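Line order of the protein sequences matches chains A and B. Counting in the entry's author numbering, the first sequence runs from 389 upward without gaps. Counting in the entry's author numbering, the second sequence runs from 970 upward without gaps. Positions of the beta carbon are idealized from the N, C-alpha and C atoms, including for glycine. Reading through the structure tokens given below for one structure.
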Amino acid sequence: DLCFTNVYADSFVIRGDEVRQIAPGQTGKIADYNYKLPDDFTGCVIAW
Amino acid sequence: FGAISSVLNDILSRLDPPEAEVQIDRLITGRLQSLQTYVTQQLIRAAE
């Protein structure tokens, strides 16, 4: 139902024990040294 | 005012932004309410 100005699709491969690290305001090796999301993030995290 | 500490510096240092923001919001609400009370009292006293 919404309209967005742009969409960003970022893809990578991570192990299960760290999937929770992809979220705003998290602590972990991925969240600190690889890929950090902004605290005021607006969007969806998808993984399979 | 319900936050972990009255000091702002130790709240900023001890906690990461995700919940430090909540603590500063509580402190801001309390201090703003106190300032509003002071200003209203001063207005009434100045009218008298």
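**Request:** Using a cut-off of 9 Å between C-beta atoms, extract the partners of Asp985/B located in chain A.
**Result:** Neighbourhood of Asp985/B in chain A, by CB distance below 9 Å: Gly413 and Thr415, in chain order.
**Item:** CB of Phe429/A within 8 Å of CB of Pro412/A, strictly
**Value:** Yes, these two residues count as a Cβ contact at 8 Å.
**Item:** Alpha carbon of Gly999/B to alpha carbon of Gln992/B, nearest angstrom
**Value:** Straight across, the Cα-Cα distance linking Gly999/B with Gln992/B is about 11 Å.
**Prompt:** By the criterion of Cβ-Cβ separation under 9 Å, what are the contact partners of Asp389/A in chain C?
**Reply:** Absent from the structure is chain C; the protein chains it does hold are A and B.
**Prompt:** Given that a residue counts as buried once 16 or more other Cβ atoms are within 10 Å of its Cβ, and exposed if not, what is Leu996/B?
**Reply:** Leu996/B should be labelled buried.
**Request:** Assuming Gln409/A contacts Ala397/A (C-beta within less than 8 Å), just tell me the rounded distance between them.
**Result:** Not really, about 19 Å apart at Cβ, beyond 8 Å.
**Coarse secondary structure for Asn978/B, derived from DSSP in three states** = Three-state DSSP puts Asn978/B in a helix.
**Message:** If we define contact as Cβ-Cβ less than 8 Å, is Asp427/A a contact residue for chain B?
**Reply:** Chain B, which has a Cβ nearer than 8 Å to the Cβ of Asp427/A, makes this yes.
**Coil, strand or helix - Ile993/B by DSSP** = Residue state, collapsed to three classes: helix.
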